[PDB]
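Given as structure tokens, the chain that follows is alone and in the form deposited in one PDB entry.
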């Protein structure tokens, strides 16, 4: 079959806690060994990342980029490496702070009461 193998996955370097401004851009890279190459995944608040919004895109292998970091994005990102020899993860937190943005109050919504005749 396979004579000799790299071994268990080991994250030599990954994402580190960094501060970013609102509507900014925070990048995260996850490095891990293992043959075949380990699969770098992403999870937000213990949930599978939503790689559907233009905001989140994958430029390279394991390299993810999230543009337009909103205040609601303030979460803890974690990397996951799956391999036929083992699996490892990493810790990383991202904070979003508003700066240079004007007051953005809520939208004027009504209780859906009865309409005004006159």
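Positions refer to the first chain, counted from 1.
What comes next is about the form deposited with a partner chain bound, which does not appear here.
Asks: Any idea which of 55-63, 71-79, 84-92, 42-50 reaches within 4.5 Å of the partner chain in the deposited complex, heavy atoms considered?
Replies: This holds for exactly one stretch, 55-63.
Asks: Is residue 25 close to the partner chain in the deposited complex, meaning a heavy atom pair under 4.5 Å apart or at it?
Replies: Within the cut-off, so yes.
Asks: I'd like to check something about residue 29: if you look in the deposited complex, is any of its heavy atoms closer than or equal to 4.5 Å to a heavy atom of the partner chain?
Replies: Because a heavy atom of residue 29 falls inside 4.5 Å of the partner chain in the deposited complex, the answer is yes.
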